[PDB]
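Just the one chain here, the form deposited in one PDB entry, laid out as structure tokens.
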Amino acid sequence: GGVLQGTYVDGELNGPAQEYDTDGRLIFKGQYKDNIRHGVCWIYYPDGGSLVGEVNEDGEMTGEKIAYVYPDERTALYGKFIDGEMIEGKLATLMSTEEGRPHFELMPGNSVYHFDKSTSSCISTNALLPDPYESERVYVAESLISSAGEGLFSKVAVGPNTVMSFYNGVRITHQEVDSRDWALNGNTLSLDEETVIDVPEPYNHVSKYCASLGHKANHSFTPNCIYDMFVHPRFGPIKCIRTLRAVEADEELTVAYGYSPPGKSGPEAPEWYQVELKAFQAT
């Protein structure tokens, strides 16, 4: 599936090439040499992020100068990667692109980021190491909504379809979430058919966990954001918060929580939600 526009020299791929996904989105741009990815290549993710760097002998993203670039196409985690996996990335800025080749400038400080996919019990190896892309776009504060605890706010004005925050957390089964005390489900977010993401009790406090902040976004029936899929260099496959339209600086980010046909919709919706739902219906 999907098209691969290539340059061939006697049977094998040799020269520039560009690949697209079934949807016609550019997922790869670079070149091949004897049917193998060669030189500085770019891998583009559906969510807007990407991988770029001097590929190795086997055509993979393995090197000491590989980089993951966030959706703003400016914030980057530059460093050591093995076959696309971030082993030791340092915060940097993509200054410019010279003939397809990127130029990175490290940011002050030597914090190291690495692939650290959560487990059912470990949410992160550095719960208090913030996400640099998040630090630029959002902040947590008392929600403008009444009796709704903390909310998530935009630091600057941005347009529609902008990735603002990441929803990372421990990974557990739907079975476990549907069968346990529902009072423990305030932060559960369905990732897919087999995994639910949760930011369990202790970590729901910014003073204990600030690696991602998506779980701080409150609900609204007229939301300005939606939950979207995201492949993070550090968190791995998770969900993120993306704007549905332009948002002002200091505007509160909200999303419509998921509450399918009767029965096949899992646990009942919280009391606060049901209340607002009625108040909303025929507002």
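We number the residues from 1 along the sequence you see.
Keep in mind that the form solved in complex with a partner chain is missing from the display, and what follows is about it.
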* Considering its partner chain in the deposited bound form, find the one stretch among 117 to 125, 185 to 193, 78 to 86, 102 to 110 with heavy atoms no farther than 4.5 Å from it. => 185 to 193
* Does every residue of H174, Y259 and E268 put a non-hydrogen atom within 4.5 angstroms of its partner chain in the deposited bound form? -> yes
* **Option touching its partner chain, based on a heavy atom within 4.5 Å in the deposited bound form, out of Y70, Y44, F235, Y227** => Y227
* its partner chain contact in the deposited bound form: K239, any heavy atom under 4.5 Å -> yes
* To do: Please run the contact check for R180 against its partner chain in the deposited bound form: heavy atoms, 4.5 angstroms, yes or no?
  => yes
